[PDB]
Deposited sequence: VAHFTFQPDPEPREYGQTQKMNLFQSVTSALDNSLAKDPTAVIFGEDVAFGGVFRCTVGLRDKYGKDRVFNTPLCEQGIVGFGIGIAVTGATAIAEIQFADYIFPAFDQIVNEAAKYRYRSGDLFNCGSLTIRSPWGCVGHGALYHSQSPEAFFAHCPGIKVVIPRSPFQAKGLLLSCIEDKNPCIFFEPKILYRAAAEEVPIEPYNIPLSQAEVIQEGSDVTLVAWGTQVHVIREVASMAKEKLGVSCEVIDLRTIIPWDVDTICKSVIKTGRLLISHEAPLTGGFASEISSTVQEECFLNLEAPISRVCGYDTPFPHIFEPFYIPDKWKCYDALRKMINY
């Protein structure tokens, strides 16, 4: 392996998603959940028990057609009902790309706010999983980041996932919530049983530091946390570790306030380098923090290839890759 809200229980990330979805269908009678194989509980168990609890009209399987799932969900949301669509793997979201980019994202704008699909959330498993190869490993957030009118949100843990998913479900804009699938059954943590929200477009500084800022999201936050620890131990370097959480609209202010303080930034993501979302963070931080930069902003990302099966250990931007880049940056 490469890596105050009332009563809580230990939940892994799949359980935390089921808890968010249960809390949503309890408190919002319009809400429905649908996609491929969601009725029996889903291929990653995220919807277990929900159809028996809430009814077959509210948690149901569709035909095997992603463009249909998203179009259908838009239509539910046009009537004001909450629509929680599932795409079985983020790698299979691309048949729906036209419905997401040309339709969901533009629905409110193009109608002058006469119609909208704000009550749509699309949730999908995301990121590498050890052996998923080209089509069960992708992290497509940079393709969506270039489309005004949608929000894209990626949690790093069970507590973060439930609070960010409830915020997406309740946000009045179409949201894509990418669930890092390698975390679904990883370590549990304490998660509140009742609903709570974590704001969108807000990064979290999870460790303060003064020499360098590290930014990542999803599972890669745990990698940079470990890198911070290696840097402290091996180099005496103090790292500020930031989970971006929302890809768009992203928290420019928190990232720039950190870099103005530290003077250095390394951003890391599993997705390929070219066109990846580190490119947007880097070019924005440069513009806002130019005079503070002690060294070039570093991007440690997946290579510009499809995601391989047998070579996955060599492809991913693991803690050694991030640490070696950080060492060069400190020494620039």
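- Coordinate coverage of the deposited sequence is interrupted at 1, 5-13, where no C-alpha atom was modelled.
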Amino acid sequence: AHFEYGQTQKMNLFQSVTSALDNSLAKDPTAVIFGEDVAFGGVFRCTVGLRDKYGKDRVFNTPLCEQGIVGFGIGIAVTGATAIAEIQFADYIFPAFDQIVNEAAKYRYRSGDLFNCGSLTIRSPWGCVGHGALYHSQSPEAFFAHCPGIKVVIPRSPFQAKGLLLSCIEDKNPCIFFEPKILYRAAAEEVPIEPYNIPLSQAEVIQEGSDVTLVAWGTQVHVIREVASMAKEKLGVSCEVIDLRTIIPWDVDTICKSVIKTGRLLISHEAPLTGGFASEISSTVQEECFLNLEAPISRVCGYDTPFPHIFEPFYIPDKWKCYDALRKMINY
From here on, numbers count along this sequence of modelled residues.
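- Between 148-156 and 253-261, the higher mean Cα B-factor belongs to 253-261.
- Stretch comparison (211-219 versus 82-90) by mean CA B-factor in the PDB entry places 211-219 on top.
- Of the candidates 228, 74, 161, 176, the deposited coordinates give 228 the top C-alpha B factor.
- The entry lists C-alpha B-factors for 116, 238, 124, 137, and the highest of these is at 238.
- Residue-level temperature factors show residue 30 in the middle third of its chain, judged at the C-alpha atom.
- Among the modelled residues of its chain, residue 19 has a C-alpha B-factor that falls in the lowest third according to the deposited record.
- Per the deposited record, the Cα B-factor of residue 296 falls in the highest third when ranked against the other modelled residues of its chain.
- Ranked against the other modelled residues of its chain, the C-alpha B-factor of residue 60 as given in the entry falls in the lowest third.
- Per-chain ranking of the deposited C-alpha B factor places residue 132 in the lowest third.
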